[PDB]
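> This is the structure I have questions about; it appears just below.
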8 protein chains.
Amino acid sequence: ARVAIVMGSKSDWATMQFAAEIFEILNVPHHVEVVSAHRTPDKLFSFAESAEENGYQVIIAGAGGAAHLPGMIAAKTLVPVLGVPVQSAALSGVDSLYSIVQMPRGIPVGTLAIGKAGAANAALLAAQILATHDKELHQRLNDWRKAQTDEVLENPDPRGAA
Amino acid sequence: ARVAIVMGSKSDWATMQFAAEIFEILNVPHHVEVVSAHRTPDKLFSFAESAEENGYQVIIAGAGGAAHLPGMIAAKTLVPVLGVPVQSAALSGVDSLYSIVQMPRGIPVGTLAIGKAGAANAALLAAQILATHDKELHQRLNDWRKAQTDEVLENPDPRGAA
Amino acid sequence: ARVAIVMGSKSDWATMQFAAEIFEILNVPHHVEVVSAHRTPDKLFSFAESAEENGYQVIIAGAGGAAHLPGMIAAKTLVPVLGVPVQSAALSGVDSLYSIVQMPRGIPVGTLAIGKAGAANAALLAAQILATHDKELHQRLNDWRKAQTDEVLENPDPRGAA
Amino acid sequence: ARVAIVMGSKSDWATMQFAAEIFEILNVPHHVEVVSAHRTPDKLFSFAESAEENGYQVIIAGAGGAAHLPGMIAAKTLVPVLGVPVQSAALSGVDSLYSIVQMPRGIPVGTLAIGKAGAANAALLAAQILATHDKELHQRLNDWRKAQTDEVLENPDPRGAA
Amino acid sequence: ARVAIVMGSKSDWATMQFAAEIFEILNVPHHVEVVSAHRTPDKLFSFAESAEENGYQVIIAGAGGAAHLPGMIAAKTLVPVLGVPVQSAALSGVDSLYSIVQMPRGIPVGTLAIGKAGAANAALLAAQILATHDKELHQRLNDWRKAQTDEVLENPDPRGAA
Amino acid sequence: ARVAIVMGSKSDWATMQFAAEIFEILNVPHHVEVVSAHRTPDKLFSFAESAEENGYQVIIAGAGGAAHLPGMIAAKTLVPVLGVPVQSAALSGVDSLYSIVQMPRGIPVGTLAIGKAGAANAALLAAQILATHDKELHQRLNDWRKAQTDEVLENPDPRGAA
Amino acid sequence: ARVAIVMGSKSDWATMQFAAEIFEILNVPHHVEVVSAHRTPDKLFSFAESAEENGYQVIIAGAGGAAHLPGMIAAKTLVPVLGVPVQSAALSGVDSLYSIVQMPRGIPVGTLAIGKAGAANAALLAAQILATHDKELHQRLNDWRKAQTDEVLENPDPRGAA
Amino acid sequence: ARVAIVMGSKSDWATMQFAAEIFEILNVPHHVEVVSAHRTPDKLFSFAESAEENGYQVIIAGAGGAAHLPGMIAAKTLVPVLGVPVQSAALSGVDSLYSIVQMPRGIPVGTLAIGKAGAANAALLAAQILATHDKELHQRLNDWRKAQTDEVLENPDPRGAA
Ligand SMILES: Nc1c([N+](=O)[O-])ncn1[C@@H]1O[C@H](COP(=O)(O)O)[C@@H](O)[C@H]1O
Ligand SMILES: Nc1c([N+](=O)[O-])ncn1[C@@H]1O[C@H](COP(=O)(O)O)[C@@H](O)[C@H]1O
Ligand SMILES: Nc1c([N+](=O)[O-])ncn1[C@@H]1O[C@H](COP(=O)(O)O)[C@@H](O)[C@H]1O
Ligand SMILES: Nc1c([N+](=O)[O-])ncn1[C@@H]1O[C@H](COP(=O)(O)O)[C@@H](O)[C@H]1O
Ligand SMILES: Nc1c([N+](=O)[O-])ncn1[C@@H]1O[C@H](COP(=O)(O)O)[C@@H](O)[C@H]1O
Ligand SMILES: Nc1c([N+](=O)[O-])ncn1[C@@H]1O[C@H](COP(=O)(O)O)[C@@H](O)[C@H]1O
Ligand SMILES: Nc1c([N+](=O)[O-])ncn1[C@@H]1O[C@H](COP(=O)(O)O)[C@@H](O)[C@H]1O
Ligand SMILES: Nc1c([N+](=O)[O-])ncn1[C@@H]1O[C@H](COP(=O)(O)O)[C@@H](O)[C@H]1O
């Protein structure tokens with residue numbers, strides 16, 4: 001597996017399952033793990049330190065509220081980190097988004113949309129990255145995009161059949 | 001020193017100097033250090049792990065933007081952590097505030113106002129905490145508050161002298 | 001009891017019960033009372049004035065909307081005040097958060113997350129403060145944190161059993 | 001004087017001077033005082049308790065950030081309170097506005113615009129209230145409004161003279 | 001009737017009924033009418049022009065979204081106008097609040113909280129205004145406030161009976 | 001003139017001059033006038049009522065803060081109204097934008113960007129509308145757009161000459 | 001058909017159906033199509049390029065989140081474009097609104113309210129535009145507006161019958 | 001060059017120069033071009049269509065306000081796109097951020113911080129991606145990060161020399 005999907009809590013799985021779905025569709029081997037900067041800080045450090053050796057080329061990290069997980073991983077590895085802001089209850093993911101995207105100069109995290117759209121798109125982006133060097137994966141992405149496009153094109157009128 | 005003041009960058013000093021000022025006024029010994037979760041992650045872990053042994057009873061941490069520093073310290077010590085959101089340029093500290101205050105259940109950070117007001121108030125709160133067991137410090141806080149109150153009371157009319 | 005939990009309305013109890021829960025778990029004696037700056041202003045003043053004599057070393061105060069209760073207590077005692085922003089209907093606690101955290105220089109309130117996460121974390125922070133001088137309580141916090149960490153570590157994969 | 005203008009700090013005078021200006025224009029006797037819920041809580045209570053006896057029929061209160069002053073006065077008198085949110089630095093008065101307008105059922109504060117527009121309009125509203133029973137003041141307001149209207153009507157084209 | 005309650009739509013009644021409730025409780029005669037600046041502009045002008053002659057001393061106006069009704073009434077009468085921001089669906093009354101409170105210098109509207117709290121408080125404020133010259137109404141407000149206070153004081157503990 | 005540019009205050013001219021500029025460039029005859037819903041309500045009604053007879057086919061209206069002008073014109077004429085939110089000081093035109101765009105069903109206002117970009121674009125949109133039936137104007141818009149495009153295309157590299 | 005209604009997804013139809021409703025009421029022939037800048041970019045370009053030839057004089061475009069559809073159409077035709085921000089889940093259409101209204105100088109989109117109110121108002125505005133040159137349509141709009149006004153006027157009291 | 005830096009306007013260069021700086025530091029060959037979805041739509045399509053053939057493995061795109069450029073490129077190529085929100089005047093890049101990050105499922109853009117921090121971090125992320133397969137570049141990133149870390153570690157005390 002060349003991609004790891006991690007998240008701050010098991011309660012984030014309802015969101016992050018949409019990243020894993022994309023990888024099943026595109027036949028991308030992936031790791032899935034609950035890793036919390038706040039509740040499991042030492043495992044976070046260990047996970048981030050061993051990511052390259054473990055063969056990860058992209059890491060997708062999701063968290064809600066004061067969403068530190070993606071940034072703290074990015075601080076401890078040169079493996080590209082993609083951040084998914086989970087939709088929090090009070091602030092509807094604005095807290096998650098700001099906590100993730102607003103990284104200082106030197107430690108980037110590529111941030112996707114709040115919520116399930118973002119989880120899916122994080123997997124698609126990870127796939128696009130891997131596809132630069134994986135021609136079979138490149139073809140499969142190409143095919144999947146064409147399928148999305150064609151479905152829309154085949155159904156131009158949203159109204160009831162008549 | 002029973003209090004440590006730390007911050008994510010030397011550029012935060014313009015703000016965090018107002019915390020140190022309060023400690024000079026109240027004669028509270030304190031440590032001051034640049035500690036970054038993002039740029040110096042290992043030192044953050046070491047600092048947090050050794051805080052109790054080093055004699056710290058309150059930690060004041062300030063950072064801007066994706067402000068992870070206070071929360072990451074709080075994840076690694078039981079010493080109370082107080083967070084100061086530094087006023088960021090684009091988002092005027094809303095990013096800092098959300099990144100600090102919105103901690104998940106289990107790892108608290110007591111958050112103060114955005115900016116220099118918050119830095120001062122973090123020192124005052126740290127002092128109030130210490131004062132529960134330090135009667136001389138308690139008296140000095142009491143005296144300082146009375147001085148603030150009396151100044152306002154002595155100057156009820158904001159208009160020009162006439 | 002060395003901690004008081006107060007709130008602006010009985011309707012805040014749905015939130016503030018999560019602070020009291022933490023104290024039951026950690027065996028921390030505590031007081032619970034509805035105290036409103038707006039509806040019971042004189043009792044607020046009396047409560048704040050008598051807090052030290054009554055043996056309180058931390059006060060946790062929660063309120064929604066124009067959330068003045070924590071700050072008004074803090075104006076009238078040197079006992080540390082922790083503020084919990086209750087999640088209001090229209091503004092989802094942004095009004096509560098701003099009303100609490102944005103205190104002027106001289107009168108601090110250590111603010112926690114909007115909602116039930118914040119109520120819990122306020123109790124945990126109060127506990128961390130008390131634990132500086134209460135070794136048995138310190139051990140119990142330590143044990144509780146390890147239990148949270150270990151649960152996450154013991155359940156790394158959020159997916160269905162297979 | 002049937003109106004009192006109060007504010008949380010002398011630094012608020014730059015804003016609240018625009019309320020006093022309106023009263024000078026309309027020849028309305030008024031009191032001006034720095035009264036802080038946070039720095040002078042006891043004077044706040046005394047001021048609010050004695051407002052009716054002192055002859056006040058409207059109170060205009062201004063404050064910035066965690067702006068508790070108007071609401072705390074309103075909690076302690078039946079004299080109508082009008083609130084002016086001062087434009088704070090970080091949050092540009094959104095904190096002031098929310099802290100003032102979002103009062104719970106039972107204790108109203110009539111809130112005006114953030115900043116100097118609001119200070120002026122608070123005085124005008126206070127004047128409109130008083131004018132219900134003061135025919136000479138009613139005429140003077142009427143005349144002042146006509147003067148504003150006529151100035152605009154007399155200058156329909158904003159372009160340079162030609 | 002010395003107070004009129006108006007609103008932009010019949011759909012606002014769910015909110016504005018809480019203003020009328022207060023007047024029933026305090027025995028304040030009042031008028032209730034749907035008046036829209038957008039859908040009935042001419043009636044708005046007629047209503048505002050005839051308000052003084054019709055005996056109104058306070059007008060309470062409520063509207064949602066682009067909430068122009070209160071301000072447009074205030075532009076056309078010297079009778080004090082109080083504005084109630086109705087909680088809109090998308091923006092949860094932030095649009096309503098801004099549209100109402102942010103009036104330019106010369107034309108004030110005293111704004112209350114978003115939603116049903118605001119509707120009630122608008123009636124209470126209108127009552128406080130009228131009470132300056134209506135001693136029987138003043139007593140009734142005083143009694144009602146004491147009843148609210150006493151209820152809270154009589155029920156200090158929010159927990160289940162035991 | 002088939003287009004009128006109006007604004008709530010002469011202070012809005014700094015912004016609305018960018019609409020007039022576009023009309024000078026495209027040789028579109030236009031009217032310019034300060035018309036305020038708040039300060040000149042009767043003239044607003046008269047202006048809106050006579051717009052069709054006066055030959056206006058688009059009206060561009062700009063205002064800041066509680067920006068009622070565009071919507072109140074739209075309530076009183078079937079001539080299409082385009083709204084320009086002026087950038088207010090405290091809220092940076094969010095108040096202006098919400099006050100303009102959030103119109104209820106039945107009375108539309110086509111809203112453009114906050115500030116000078118919006119003023120220009122309002123004139124361009126008005127021009128596009130008129131161009132549907134004015135072939136010479138259509139050509140001139142076409143030419144102006146090509147000029148903008150070509151300038152960008154002719155300068156692909158933003159770096160210093162070397 | 002002189003108006004086209006397009007939208008980024010079939011899921012937007014729940015909103016955009018309220019635009020089509022207005023056209024049915026006013027007997028305005030219209031086209032309806034799902035056109036996505038993101039999922040069908042080439043069809044977007046083709047649609048925009050052929051709009052004038054196809055007889056469209058107004059285009060109404062709706063989309064949610066990162067709502068690029070209206071602006072990308074406007075970049076590729078001189079036919080006036082009206083934008084409808086669909087109410088997104090996390091951000092309640094603030095993302096949609098900003099993505100649509102905040103167009104740079106040169107490429108306007110006339111933006112309506114978030115959600116179903118906006119969809120209706122976009123159709124009404126399109127109709128007002130067309131009505132400048134379509135006297136029968138002008139009469140029908142006039143009649144429809146009078147019907148809305150009269151309904152409100154005929155039902156001034158929102159209370160229960162008695 | 002395996003990376004292209006593009007932006008909506010020459011006025012964005014003040015921001016995007018910080019991306020190019022990182023590439024100069026790390027000796028990464030790169031292309032720089034003004035490409036606008038709004039002002040040069042056809043060139044955008046051509047650029048995106050030819051990106052893979054032209055040898056680009058990452059594209060960094062920056063734009064302000066209604067920031068469509070990154071997303072429209074991402075719609076037309078499988079080459080990973082990274083988005084930089086430029087800090088707009090009115091909304092301080094919140095419009096830019098929302099327009100970029102909130103992409104629907106299927107078309108991702110990895111978004112970085114508002115402003116110059118984001119531009120730098122976009123280049124660093126692009127570099128991290130390329131470094132997965134470029135060992136010399138990997139070493140250079142590693143060295144650069146160590147240099148940043150060491151500088152902070154070498155300067156722990158922000159206070160004046162004494
Ligand atoms: N932000 C965060 C981190 N962290 O940054 O490491 N760990 C958990 N959290 C968040 O707390 C939220 C609540 O988790 P829980 O209390 O429901 O387990 C989740 O969205 C999770 O991602
Ligand atoms: N958030 C953060 C962390 N961190 O959380 O560890 N370290 C630095 N930063 C922030 O980046 C900001 C910019 O720092 P600099 O780039 O000016 O050094 C500071 O406000 C600093 O606190
Ligand atoms: N803010 C406030 C204060 N105060 O600051 O003292 N007292 C009650 N409130 C708030 O009104 C809200 C509504 O209370 P109720 O009207 O449901 O009793 C509660 O969240 C409560 O904390
Ligand atoms: N909010 C508040 C209160 N209070 O509510 O009582 N007292 C002062 N403040 C505010 O602190 C701000 C800063 O005051 P200062 O620190 O510059 O004196 C002022 O805008 C003032 O109104
Ligand atoms: N803002 C406004 C005005 N106006 O300002 O005059 N008239 C109705 N409205 C608002 O449209 C909203 C929707 O009304 P309706 O479409 O449900 O009848 C209401 O909250 C109402 O106050
Ligand atoms: N909103 C408004 C209206 N109105 O809606 O009719 N009239 C003036 N205003 C606004 O007050 C602002 C301040 O005007 P002034 O006080 O500087 O003359 C302007 O942006 C103007 O458009
Ligand atoms: N913004 C956007 C574009 N585009 O701008 O072209 N296409 C679809 N979308 C949006 O994605 C949202 C989710 O669509 P879907 O994933 O439910 O099909 C819709 O509101 C749609 O308008
Ligand atoms: N958003 C946008 C696009 N587009 O998305 O293609 N093109 C230019 N813009 C933006 O307009 C802003 C103003 O450009 P200008 O008017 O100063 O040339 C820039 O930040 C630019 O990125």
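Please note that chains go A, B, ... in the order of the structure tokens, that every chain numbers its residues from 1, and that ligands are numbered from 1 in the order shown.
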Skip range 142-156 of chain C itself and residues of its chain fewer than 3 positions away, then list as a PyMOL selection string all residues within 12 Å of it, counting only C-alpha atoms.

(chain A and resi 5-11+13+31-44) or (chain B and resi 74-79+105-108) or (chain C and resi 22-23+25-27+124+127-128+131+135-139+159-161)

> What residues in chain F lie within 7 Å of chain G, counting only C-alpha atoms, written as JSON, numbers by chain?

{"F": [57, 78, 79, 80, 101, 102, 103, 104, 105, 106, 107, 108, 109, 110, 111, 112, 113, 114, 117, 120, 121, 122, 124, 125, 128, 129, 132]}

> How many Å separate CA of residue 50 in chain C from CA of residue 64 in chain C?

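These atoms are spaced 24.4 Å apart.
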
> Give the strand (DSSP E) residues of range 7-155 of chain D, as assigned by DSSP on the backbone, as an MDAnalysis selection string.

chainID D and resid 7 30:34 58:63 81:85 110:111

> Please write the residues from the selection above to a file, keeping N, CA, C and O atoms, as a PDB file, in the first residue's frame.


ATOM      1  N   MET D   7     -19.398  54.242  29.062  1.00  0.00           N
ATOM      2  CA  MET D   7     -18.562  53.422  28.217  1.00  0.00           C
ATOM      3  C   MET D   7     -17.555  52.674  29.073  1.00  0.00           C
ATOM      4  O   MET D   7     -17.201  53.101  30.177  1.00  0.00           O
ATOM      5  N   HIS D  30     -26.965  66.000  29.051  1.00  0.00           N
ATOM      6  CA  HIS D  30     -26.555  64.607  29.172  1.00  0.00           C
ATOM      7  C   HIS D  30     -25.386  64.456  30.132  1.00  0.00           C
ATOM      8  O   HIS D  30     -24.575  65.376  30.320  1.00  0.00           O
ATOM      9  N   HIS D  31     -25.296  63.279  30.714  1.00  0.00           N
ATOM     10  CA  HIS D  31     -24.187  62.878  31.584  1.00  0.00           C
ATOM     11  C   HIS D  31     -23.255  61.997  30.764  1.00  0.00           C
ATOM     12  O   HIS D  31     -23.736  61.298  29.871  1.00  0.00           O
ATOM     13  N   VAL D  32     -21.943  62.079  31.041  1.00  0.00           N
ATOM     14  CA  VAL D  32     -20.908  61.253  30.406  1.00  0.00           C
ATOM     15  C   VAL D  32     -19.962  60.650  31.454  1.00  0.00           C
ATOM     16  O   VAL D  32     -19.458  61.344  32.354  1.00  0.00           O
ATOM     17  N   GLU D  33     -19.783  59.341  31.403  1.00  0.00           N
ATOM     18  CA  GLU D  33     -18.991  58.669  32.432  1.00  0.00           C
ATOM     19  C   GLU D  33     -18.419  57.334  31.924  1.00  0.00           C
ATOM     20  O   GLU D  33     -19.079  56.577  31.163  1.00  0.00           O
ATOM     21  N   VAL D  34     -17.178  57.083  32.338  1.00  0.00           N
ATOM     22  CA  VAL D  34     -16.563  55.781  32.167  1.00  0.00           C
ATOM     23  C   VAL D  34     -17.021  54.877  33.296  1.00  0.00           C
ATOM     24  O   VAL D  34     -16.763  55.151  34.478  1.00  0.00           O
ATOM     25  N   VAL D  58     -33.179  57.366  29.507  1.00  0.00           N
ATOM     26  CA  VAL D  58     -32.469  56.467  28.592  1.00  0.00           C
ATOM     27  C   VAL D  58     -31.028  56.400  29.021  1.00  0.00           C
ATOM     28  O   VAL D  58     -30.446  57.406  29.446  1.00  0.00           O
ATOM     29  N   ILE D  59     -30.445  55.203  28.920  1.00  0.00           N
ATOM     30  CA  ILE D  59     -29.025  55.014  29.096  1.00  0.00           C
ATOM     31  C   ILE D  59     -28.398  54.465  27.794  1.00  0.00           C
ATOM     32  O   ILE D  59     -28.883  53.478  27.264  1.00  0.00           O
ATOM     33  N   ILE D  60     -27.359  55.123  27.315  1.00  0.00           N
ATOM     34  CA  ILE D  60     -26.558  54.686  26.173  1.00  0.00           C
ATOM     35  C   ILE D  60     -25.224  54.155  26.685  1.00  0.00           C
ATOM     36  O   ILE D  60     -24.457  54.904  27.322  1.00  0.00           O
ATOM     37  N   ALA D  61     -24.926  52.902  26.380  1.00  0.00           N
ATOM     38  CA  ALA D  61     -23.735  52.250  26.886  1.00  0.00           C
ATOM     39  C   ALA D  61     -22.938  51.668  25.720  1.00  0.00           C
ATOM     40  O   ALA D  61     -23.506  51.033  24.825  1.00  0.00           O
ATOM     41  N   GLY D  62     -21.641  51.953  25.720  1.00  0.00           N
ATOM     42  CA  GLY D  62     -20.757  51.453  24.666  1.00  0.00           C
ATOM     43  C   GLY D  62     -19.595  50.688  25.192  1.00  0.00           C
ATOM     44  O   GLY D  62     -19.036  51.055  26.212  1.00  0.00           O
ATOM     45  N   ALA D  63     -19.210  49.625  24.479  1.00  0.00           N
ATOM     46  CA  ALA D  63     -18.078  48.807  24.890  1.00  0.00           C
ATOM     47  C   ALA D  63     -17.616  47.924  23.731  1.00  0.00           C
ATOM     48  O   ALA D  63     -18.360  47.700  22.785  1.00  0.00           O
ATOM     49  N   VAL D  81     -32.071  50.648  28.042  1.00  0.00           N
ATOM     50  CA  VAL D  81     -30.656  50.681  27.705  1.00  0.00           C
ATOM     51  C   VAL D  81     -30.483  50.458  26.179  1.00  0.00           C
ATOM     52  O   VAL D  81     -31.024  49.497  25.610  1.00  0.00           O
ATOM     53  N   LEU D  82     -29.701  51.367  25.586  1.00  0.00           N
ATOM     54  CA  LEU D  82     -29.235  51.304  24.201  1.00  0.00           C
ATOM     55  C   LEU D  82     -27.718  50.983  24.174  1.00  0.00           C
ATOM     56  O   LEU D  82     -26.901  51.630  24.853  1.00  0.00           O
ATOM     57  N   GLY D  83     -27.358  49.997  23.359  1.00  0.00           N
ATOM     58  CA  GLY D  83     -26.004  49.497  23.298  1.00  0.00           C
ATOM     59  C   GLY D  83     -25.289  49.904  22.006  1.00  0.00           C
ATOM     60  O   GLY D  83     -25.862  49.791  20.892  1.00  0.00           O
ATOM     61  N   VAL D  84     -24.053  50.373  22.154  1.00  0.00           N
ATOM     62  CA  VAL D  84     -23.189  50.735  21.027  1.00  0.00           C
ATOM     63  C   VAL D  84     -21.975  49.790  20.983  1.00  0.00           C
ATOM     64  O   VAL D  84     -21.145  49.801  21.924  1.00  0.00           O
ATOM     65  N   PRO D  85     -21.891  48.953  19.921  1.00  0.00           N
ATOM     66  CA  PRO D  85     -20.720  48.095  19.800  1.00  0.00           C
ATOM     67  C   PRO D  85     -19.530  48.877  19.260  1.00  0.00           C
ATOM     68  O   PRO D  85     -19.593  49.366  18.160  1.00  0.00           O
ATOM     69  N   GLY D 110     -31.430  47.618  23.289  1.00  0.00           N
ATOM     70  CA  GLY D 110     -31.617  48.045  21.910  1.00  0.00           C
ATOM     71  C   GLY D 110     -30.260  48.406  21.317  1.00  0.00           C
ATOM     72  O   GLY D 110     -29.616  49.338  21.765  1.00  0.00           O
ATOM     73  N   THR D 111     -29.813  47.635  20.339  1.00  0.00           N
ATOM     74  CA  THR D 111     -28.437  47.728  19.809  1.00  0.00           C
ATOM     75  C   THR D 111     -28.394  48.532  18.535  1.00  0.00           C
ATOM     76  O   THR D 111     -29.266  48.383  17.659  1.00  0.00           O
TER      77      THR D 111
END

> Pick out each residue of range 20-131 of chain G that DSSP on the backbone tags as helix (DSSP H, G or I); I need them as a VMD selection string.

chain G and resid 20 to 25 41 to 50 69 to 74 94 to 101 116 to 131

> One decimal, Å: what's the distance from CA of residue 12 in chain F over to CA of residue 91 in chain H, could you say?

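Taking CA of residue 12 in chain F and CA of residue 91 in chain H, their separation equals 18.7 Å.
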
> So what do you get for atom 9 (N, counted along the ligand's line) of ligand 8 versus CA of residue 93 in chain F, distance-wise?

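Going from atom 9 (N, counted along the ligand's line) of ligand 8 over to CA of residue 93 in chain F, I get 19.2 Å.
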